[PDB]
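Right, one structure below, let's go through it.
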Amino acid sequence: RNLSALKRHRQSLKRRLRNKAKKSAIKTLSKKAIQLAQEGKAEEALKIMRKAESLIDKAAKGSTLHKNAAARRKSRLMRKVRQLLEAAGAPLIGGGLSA
Amino acid sequence: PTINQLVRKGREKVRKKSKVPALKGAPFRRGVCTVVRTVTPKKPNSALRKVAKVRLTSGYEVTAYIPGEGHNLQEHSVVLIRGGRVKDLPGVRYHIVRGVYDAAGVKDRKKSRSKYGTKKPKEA
Amino acid sequence: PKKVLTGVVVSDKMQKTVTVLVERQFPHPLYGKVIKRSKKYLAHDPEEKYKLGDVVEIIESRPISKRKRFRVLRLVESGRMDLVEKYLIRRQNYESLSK
Amino acid sequence: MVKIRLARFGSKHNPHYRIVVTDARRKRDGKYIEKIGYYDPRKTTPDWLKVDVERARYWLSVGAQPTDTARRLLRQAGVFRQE
Amino acid sequence: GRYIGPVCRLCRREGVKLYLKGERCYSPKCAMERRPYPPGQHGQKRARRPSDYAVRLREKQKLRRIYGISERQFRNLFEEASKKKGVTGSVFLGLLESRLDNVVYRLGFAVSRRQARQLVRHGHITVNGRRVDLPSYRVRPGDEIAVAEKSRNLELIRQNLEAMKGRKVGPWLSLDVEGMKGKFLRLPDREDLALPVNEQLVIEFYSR
Amino acid sequence: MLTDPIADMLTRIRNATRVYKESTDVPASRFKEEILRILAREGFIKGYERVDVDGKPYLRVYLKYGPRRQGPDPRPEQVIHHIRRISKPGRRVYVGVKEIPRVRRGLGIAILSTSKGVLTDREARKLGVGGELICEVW
RNA sequence: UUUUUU
RNA sequence: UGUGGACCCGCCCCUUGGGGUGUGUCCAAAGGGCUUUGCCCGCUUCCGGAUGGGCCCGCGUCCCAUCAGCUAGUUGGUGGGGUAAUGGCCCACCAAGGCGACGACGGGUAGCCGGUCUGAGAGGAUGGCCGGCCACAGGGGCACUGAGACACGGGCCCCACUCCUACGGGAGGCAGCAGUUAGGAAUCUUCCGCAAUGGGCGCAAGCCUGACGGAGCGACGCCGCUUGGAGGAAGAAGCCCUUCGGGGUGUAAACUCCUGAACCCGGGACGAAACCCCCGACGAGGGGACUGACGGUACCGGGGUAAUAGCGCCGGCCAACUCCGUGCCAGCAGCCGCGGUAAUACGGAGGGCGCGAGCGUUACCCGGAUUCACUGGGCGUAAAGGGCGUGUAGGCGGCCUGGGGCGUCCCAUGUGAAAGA
Ligand SMILES: [Mg+2]
Ligand SMILES: [Mg+2]
Ligand SMILES: [Mg+2]
Ligand SMILES: [Mg+2]
Ligand SMILES: [Mg+2]
Ligand SMILES: [Mg+2]
Ligand SMILES: [Mg+2]
Ligand SMILES: [Mg+2]
Ligand SMILES: [Mg+2]
Ligand SMILES: [Mg+2]
Ligand SMILES: [Mg+2]
Ligand SMILES: [Mg+2]
Ligand SMILES: [Mg+2]
Ligand SMILES: [Mg+2]
Ligand SMILES: [Mg+2]
Ligand SMILES: [Mg+2]
Ligand SMILES: [Mg+2]
Ligand SMILES: [Mg+2]
Ligand SMILES: [Mg+2]
Ligand SMILES: [Mg+2]
Ligand SMILES: [Mg+2]
Ligand SMILES: [Mg+2]
Ligand SMILES: [Mg+2]
Ligand SMILES: [Mg+2]
Ligand SMILES: [Mg+2]
Ligand SMILES: [Mg+2]
Ligand SMILES: [Mg+2]
Ligand SMILES: [Mg+2]
Ligand SMILES: [Mg+2]
Ligand SMILES: [Mg+2]
Ligand SMILES: [Mg+2]
Ligand SMILES: [Mg+2]
Ligand SMILES: [Mg+2]
Ligand SMILES: [Mg+2]
Ligand SMILES: [Mg+2]
Ligand SMILES: [Mg+2]
Ligand SMILES: [Mg+2]
Ligand SMILES: [Mg+2]
Ligand SMILES: [Mg+2]
Ligand SMILES: [Mg+2]
Ligand SMILES: [Mg+2]
Ligand SMILES: [Mg+2]
Ligand SMILES: [Mg+2]
Ligand SMILES: [Mg+2]
Ligand SMILES: [Mg+2]
Ligand SMILES: [Mg+2]
Ligand SMILES: [Mg+2]
Ligand SMILES: [Mg+2]
Ligand SMILES: [Mg+2]
Ligand SMILES: [Mg+2]
Ligand SMILES: [Mg+2]
Ligand SMILES: [Mg+2]
Ligand SMILES: [Mg+2]
Ligand SMILES: [Mg+2]
Ligand SMILES: [Mg+2]
Ligand SMILES: [Mg+2]
Ligand SMILES: [Mg+2]
Ligand SMILES: [Mg+2]
Ligand SMILES: [Mg+2]
Ligand SMILES: [Mg+2]
Ligand SMILES: [Mg+2]
Ligand SMILES: [Mg+2]
Ligand SMILES: [Mg+2]
Ligand SMILES: [Mg+2]
Ligand SMILES: [Mg+2]
Ligand SMILES: [Mg+2]
Ligand SMILES: [Mg+2]
Ligand SMILES: [Mg+2]
Ligand SMILES: [Mg+2]
Ligand SMILES: [Mg+2]
Ligand SMILES: [Mg+2]
Ligand SMILES: [Mg+2]
Ligand SMILES: [Mg+2]
Ligand SMILES: [Mg+2]
Ligand SMILES: [Mg+2]
Ligand SMILES: [Mg+2]
Ligand SMILES: [Mg+2]
Ligand SMILES: [Mg+2]
Ligand SMILES: [Mg+2]
Ligand SMILES: [Mg+2]
Ligand SMILES: [Mg+2]
Ligand SMILES: [Mg+2]
Ligand SMILES: [Mg+2]
Ligand SMILES: [Zn+2]
């Protein structure tokens, strides 16, 4: 009895919280950004879409989103922001997106 | 039948039914005796043939034949069933191995000792 | 090579999708006569181009949905309902031979 | 990682190895990529080792890793001899 | 282990002289002399016409019993002959004639077949300088079948090679009598053997 | 309607030769004509020629037979001893070049229909082509 | 009546 | 910090999400070790190779029609969610579709193949061992961690069982190697070893390895080998038959001579060369050193004893016959059949035939069986023409020319792993 492969299980729950935390940040910021895009604030939605992107590409640096999984959310975000930003557009910050 | 017929229906392989329902298709099956009897054969012959009702490890109750000039098998004795039919006795589909648990080999058997299960004597 | 087939459209009733019936000739593996089997394929028609009775070339594609792994390449021969009427009549015969 | 190693094809007390390219994860006698030579340890025949070096030289370019015993035999057929 | 027992009783059952006894099959004691009828109580009774299988069976035994081989090695040798290229009939004989124990007798090193077997089995026979103690060893053309110098001083060996003086050997064999050497030149042909056995009969025995 | 004109022609000859007809007619067809050409080349028939009967074209097949024989049944030995249609409708027979049989250990022929034409079994093998196996003739 | 047609 | 990559948008070339480019935004990292000024083990981003894999497609893949109708995420669409990635994989909404006699749906059975057995072949049967793929880890469900799992010896939960229990609650999971028990006709040692090969970790030394290599037991299979060789009476004893003359066991034995299975004595392995150390630059190359389970086994040399034979059958198929015993009894029997007073068929003996460390038996598979007939069958009377018609589907198609080249035929090539054959 008493194999020390339980050491792996103990680490598994460490990484569990880590991955879980970063994801809940990604989601909460993305929904906050797309809220503003739908609500027409062009600067604030952009200032947030940047941090969402930065948080995404940071999550991929580790073992959370490592694959193109990061790219999907980055892709989906910038589209829905730019789309929702088409209601009296005026892309004020213009930082995150391309001309 | 036409070629087209064969394409439509095709031949039917002939299924061969087993002659020995000793289940698990086993080479042998052991069982306990129910009755030890003596039965009369079919038309051309006449004799007293010693047989036995056997409750089988296959969950079967069948009749088995007792080979040899004489037997020690009793009502409760346990035996091993061989298989193969007694022609002139209807319904007896299986034989009995002599030289197995409670069925001794035939005494004074000097010719065919592989069958009937008897050992090799000594010559002084 | 992507597998390519040639068959006749027997169904118009779906959206962006046509059912293509591809016959096949091959000798019987034992009895040696030439037998004619056939199999229906669900083809993708994005532009709703092809109609009932059209004979089209179908090509193995990246799956569009369940049961839809083929796209319509080009129209071979247009409008021969005799091939469709052959299929309908056989399908219509199954209302008999039930009870 | 793809490796170069031996595979036992001889019999009991008569071993015969097949120098072989295979993924390290497959069985030592299991499926392999390419047979690149044989090894008779008991040296029962005049030719008890053959390599086809230029093939073995290919797999070392694409990152195969030989065993200590495989590298020992490859050196004996001069895979690494560079003169 | 092969058949071991009365031999010149099998000279009788085949109806043909079987020189498995070595000498005394030549002297008028073989029991083929003044007793050609088969052994047993009914040997002197008139024999019934043999069935078509009876003839084929007896012909195989007449050949098998001559080389002194069990049916096991015998049958395998046949199944080997049928696959190889050539006439199944003659090839099978050449394979029997390639048996080391049979070559030893054929070379006159031993008086009989059984005797030549024991000489091999005890290591007295040399094949190309090495000892070979297996009677079933097949000799290839060109191999030297010699006598171990350990045994060259044995009186049994100097006995048989004394009568071999001036004696001729088969056209597919040759022997040096003094140095106790010997050589297997080639596979014998059907004509090279005088064996009183119809080979087509033995083939026909195995088609069943 | 006639079902298989070839088997019909193969039979028209089979039937005529059993009563030792001098000649027999078969409805004219180019494919049939190529069959008759192989038979006239391979010496199974005296030959053939086109002819019309009641205006419709036909093919006179002149049969040949052996010598009038000895005691009872003086009828001669047949030149065509056997003819059998192989690849019939409803069950077609196509053989590659390696699948072409040896008819009667060489003494007979196998009329093959090939992309390179109607050939005997030997002609088809030296041409190195297979095809539809028409019939045995020996 | 049952086996055996010699 | 931006080599570069990721993302929105535009442009270019390709053509499904492939490659490039522009602007903008976002994204990098870790040290350790010494022979410590340089090198080794590592770290980060990107591109490519190699290997391994996911998903999708054509085709092939057992029986029952006494299963004939099946289907609601079911069929498709748009948009979204999720994934490494397509997809009703999931979700919302829209359309009403999708499948079936070319066997749907249901039921039964079963891992599949390379191969194996059989067979003249076509074919039939089978899938143990070994190799490839798949599925499962007490039953069911679920995710976490990760390049990779929904994970045999990881986690959570429900259920059945076993153990601990202070009755509150816990611990488990041999279809890993042995080993026990149960069932069963039946299936092994709780063995040796890290020496070889292979795998995991490490700079290395080394550590781990019931993978593996070996031993053990079992005639379970295959193969090789012994139980003697030669001389030996027109022929002992005993047993068996007898026309009472004699015949048989039979050169067989006794006995003469030679060899020398076992066993004793000594020598005594190959499987093992690298990793490492040293020179050379930790490269090539060269040089050197340690390293056995099997096992003192294999093998060689010396010594050396005549030294296990069994089982089946002998009425025909089918090879081998007489006597006595028994009298439709006791019994034989694969089939046809033997025995009811002379039985070559029962039972024993003598003798004979067949194999021989095996011989028989039962079960199972193929064979003979052309007895499911593609090769290769039939239906007047032997088993078999539907009571007759109409006609649907399907199958089948007269003569001439021409296009196409799907079937068909030919060449080249790729593939057809290894083992087997
Ligand atoms: Mg750890
Ligand atoms: Mg939240
Ligand atoms: Mg993950
Ligand atoms: Mg049926
Ligand atoms: Mg009772
Ligand atoms: Mg006995
Ligand atoms: Mg439509
Ligand atoms: Mg879709
Ligand atoms: Mg297209
Ligand atoms: Mg309906
Ligand atoms: Mg793998
Ligand atoms: Mg190199
Ligand atoms: Mg140089
Ligand atoms: Mg140089
Ligand atoms: Mg053969
Ligand atoms: Mg050949
Ligand atoms: Mg041959
Ligand atoms: Mg031959
Ligand atoms: Mg010669
Ligand atoms: Mg045969
Ligand atoms: Mg740049
Ligand atoms: Mg830029
Ligand atoms: Mg830091
Ligand atoms: Mg880090
Ligand atoms: Mg690649
Ligand atoms: Mg299917
Ligand atoms: Mg819905
Ligand atoms: Mg979608
Ligand atoms: Mg809509
Ligand atoms: Mg179909
Ligand atoms: Mg199952
Ligand atoms: Mg075979
Ligand atoms: Mg099959
Ligand atoms: Mg199968
Ligand atoms: Mg398996
Ligand atoms: Mg499960
Ligand atoms: Mg269990
Ligand atoms: Mg489970
Ligand atoms: Mg990992
Ligand atoms: Mg799993
Ligand atoms: Mg376990
Ligand atoms: Mg335990
Ligand atoms: Mg038990
Ligand atoms: Mg074992
Ligand atoms: Mg390493
Ligand atoms: Mg351990
Ligand atoms: Mg092992
Ligand atoms: Mg006497
Ligand atoms: Mg003797
Ligand atoms: Mg001695
Ligand atoms: Mg060694
Ligand atoms: Mg060495
Ligand atoms: Mg070491
Ligand atoms: Mg140095
Ligand atoms: Mg070196
Ligand atoms: Mg030792
Ligand atoms: Mg010795
Ligand atoms: Mg003795
Ligand atoms: Mg027999
Ligand atoms: Mg007989
Ligand atoms: Mg008997
Ligand atoms: Mg009496
Ligand atoms: Mg009588
Ligand atoms: Mg009597
Ligand atoms: Mg008797
Ligand atoms: Mg008897
Ligand atoms: Mg006897
Ligand atoms: Mg043996
Ligand atoms: Mg059979
Ligand atoms: Mg058959
Ligand atoms: Mg046959
Ligand atoms: Mg039948
Ligand atoms: Mg037929
Ligand atoms: Mg045919
Ligand atoms: Mg019939
Ligand atoms: Mg009738
Ligand atoms: Mg009628
Ligand atoms: Mg009727
Ligand atoms: Mg036509
Ligand atoms: Mg048509
Ligand atoms: Mg073509
Ligand atoms: Mg191969
Ligand atoms: Mg090979
Ligand atoms: Zn003799």
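Simple scheme: letters A, B, ... for chains in structure tokens order, numbers from 1 for residues in each chain, numbers from 1 for ligands in the order shown.
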* Close residues, stretch 1-4 of chain G itself excluded, 9 Å, only C-alpha atoms (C1' of nucleotides), min 4 positions apart in chain, as a ChimeraX atom specification -> /B:43-45 /H:328
Store the residues picked out above, limited to N, CA and C atoms (P, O5', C5', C4', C3', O3' and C1' of nucleotides), as a PDB file, in the first residue's frame.
```pdb
ATOM      1  N   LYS B  43     -35.509 -55.292 -31.401  1.00  0.00           N
ATOM      2  CA  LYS B  43     -36.112 -56.536 -31.878  1.00  0.00           C
ATOM      3  C   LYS B  43     -35.126 -57.682 -32.091  1.00  0.00           C
ATOM      4  N   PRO B  44     -34.029 -57.530 -32.842  1.00  0.00           N
ATOM      5  CA  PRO B  44     -33.253 -58.726 -33.224  1.00  0.00           C
ATOM      6  C   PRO B  44     -32.584 -59.444 -32.062  1.00  0.00           C
ATOM      7  N   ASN B  45     -32.257 -58.747 -30.982  1.00  0.00           N
ATOM      8  CA  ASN B  45     -31.487 -59.317 -29.888  1.00  0.00           C
ATOM      9  C   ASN B  45     -32.339 -59.442 -28.631  1.00  0.00           C
TER      10      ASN B  45
ATOM     11  P     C H 328     -29.713 -69.589 -24.452  1.00  0.00           P
ATOM     12  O5'   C H 328     -29.176 -68.091 -24.341  1.00  0.00           O
ATOM     13  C5'   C H 328     -29.081 -67.249 -25.486  1.00  0.00           C
ATOM     14  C4'   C H 328     -30.079 -66.118 -25.422  1.00  0.00           C
ATOM     15  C3'   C H 328     -31.542 -66.558 -25.544  1.00  0.00           C
ATOM     16  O3'   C H 328     -32.437 -65.914 -24.613  1.00  0.00           O
ATOM     17  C1'   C H 328     -31.020 -64.980 -27.249  1.00  0.00           C
TER      18        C H 328
END
```
Taking the DSSP secondary structure from the backbone, can you list the residues of chain D that are strand (DSSP E), as a tab-separated table (two decimals) with C-alpha atoms, in the first residue's frame?
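New file out-v9.tsv:
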```tsv
chain	number	residue	atom	x	y	z
D	2	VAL	CA	12.32	7.38	-32.23
D	3	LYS	CA	15.18	5.03	-31.35
D	4	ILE	CA	17.61	2.53	-32.82
D	5	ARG	CA	17.83	-0.69	-30.84
D	17	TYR	CA	18.91	-9.62	-32.88
D	18	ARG	CA	17.48	-7.34	-35.56
D	19	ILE	CA	18.96	-3.86	-35.38
D	20	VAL	CA	15.78	-1.90	-35.84
D	21	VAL	CA	14.31	1.60	-36.01
D	22	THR	CA	11.20	1.90	-33.85
D	23	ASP	CA	9.46	4.22	-31.44
D	34	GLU	CA	12.61	-0.34	-40.59
D	35	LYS	CA	14.95	-3.31	-40.25
D	36	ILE	CA	18.46	-1.89	-40.53
D	37	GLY	CA	20.51	-5.01	-39.85
D	38	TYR	CA	21.07	-8.09	-37.74
D	39	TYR	CA	23.39	-9.15	-34.90
D	49	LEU	CA	26.76	-8.43	-38.38
D	50	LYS	CA	25.43	-6.27	-41.21
D	65	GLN	CA	18.63	7.66	-30.66
D	66	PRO	CA	20.70	4.46	-30.64
```
Near ligand 83, 9 Å: chain H residue rows, closest pairs, only C-alpha atoms (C1' of nucleotides) and all ligand atoms, as CSV:
```
residue,atom,partner,partner_atom_place_in_ligand_line,distance
H:418,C1',ligand 83,1 (Mg),8.9
H:419,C1',ligand 83,1 (Mg),7.9
H:420,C1',ligand 83,1 (Mg),8.7
```
* Quick one: pick out all helix (DSSP H, G or I) residues within stretch 9-169 of chain E from a backbone DSSP run and write them as a count of residues only. => 70
* Counting only C-alpha atoms (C1' of nucleotides) and all ligand atoms, which protein, DNA or RNA residues come within 10 Å of ligand 13, given as a list in words? -> residues 81, 82 and 83 of chain D; 284 of chain H
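Candidate residues B:3, B:66, B:123, B:25 were compared for distance to ligand 74, and the nearest is B:3, using only C-alpha atoms and all ligand atoms.
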* To do: Tell me which protein, DNA and RNA residues are within 8 Å of stretch 68-84 of chain C, counting only C-alpha atoms (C1' of nucleotides), leaving out same-chain ones fewer than 5 positions away, and put them as number ranges by chain.
  => C: 8-10, 41-45, 50-63; H: 56-57
* Neighbour list for residue E:106 as a PyMOL selection string, cut-off 10 Å, only C-alpha atoms (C1' of nucleotides), skip fewer than 4 positions in-chain -> chain E and resi 97+100-102+110-113+116+169-170+173
Selected residues written out with N, CA, C and O atoms, as a short mmCIF file (atom, residue, chain, number, x, y, z; two decimals), in the first residue's frame:
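Saved as out_8.cif:
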```cif
data_model
loop_
_atom_site.label_atom_id
_atom_site.label_comp_id
_atom_site.auth_asym_id
_atom_site.auth_seq_id
_atom_site.Cartn_x
_atom_site.Cartn_y
_atom_site.Cartn_z
N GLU E 97 18.92 -43.79 -48.84
CA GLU E 97 20.32 -44.12 -49.06
C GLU E 97 21.27 -43.05 -48.53
O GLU E 97 22.48 -43.29 -48.50
N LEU E 100 22.97 -41.86 -42.61
CA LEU E 100 24.32 -42.20 -42.18
C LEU E 100 24.41 -43.67 -41.80
O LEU E 100 25.31 -44.39 -42.26
N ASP E 101 23.49 -44.15 -40.96
CA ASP E 101 23.51 -45.56 -40.57
C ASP E 101 23.41 -46.47 -41.78
O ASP E 101 23.98 -47.56 -41.78
N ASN E 102 22.67 -46.06 -42.81
CA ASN E 102 22.57 -46.86 -44.02
C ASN E 102 23.83 -46.75 -44.87
O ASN E 102 24.24 -47.73 -45.50
N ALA E 110 30.02 -51.87 -41.53
CA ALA E 110 29.32 -52.80 -40.66
C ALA E 110 28.66 -53.90 -41.48
O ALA E 110 28.37 -53.73 -42.66
N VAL E 111 28.43 -55.03 -40.81
CA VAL E 111 27.92 -56.21 -41.51
C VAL E 111 26.45 -56.04 -41.86
O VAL E 111 26.00 -56.45 -42.93
N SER E 112 25.67 -55.43 -40.97
CA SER E 112 24.23 -55.34 -41.13
C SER E 112 23.78 -53.89 -41.01
O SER E 112 24.59 -52.97 -40.85
N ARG E 113 22.47 -53.69 -41.11
CA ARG E 113 21.89 -52.37 -40.88
C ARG E 113 21.90 -52.03 -39.40
O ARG E 113 22.39 -50.97 -38.99
N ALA E 116 25.38 -51.27 -38.26
CA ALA E 116 25.83 -49.95 -38.67
C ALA E 116 25.18 -48.85 -37.84
O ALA E 116 25.77 -47.79 -37.63
N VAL E 169 32.41 -51.59 -54.16
CA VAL E 169 31.44 -50.72 -53.52
C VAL E 169 30.54 -50.12 -54.61
O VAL E 169 30.88 -50.12 -55.79
N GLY E 170 29.38 -49.63 -54.19
CA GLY E 170 28.41 -49.06 -55.09
C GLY E 170 28.97 -47.92 -55.92
O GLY E 170 29.86 -47.19 -55.48
N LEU E 173 29.59 -44.62 -54.38
CA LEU E 173 30.44 -44.63 -53.20
C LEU E 173 31.86 -45.02 -53.59
O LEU E 173 32.10 -45.58 -54.65
#
```
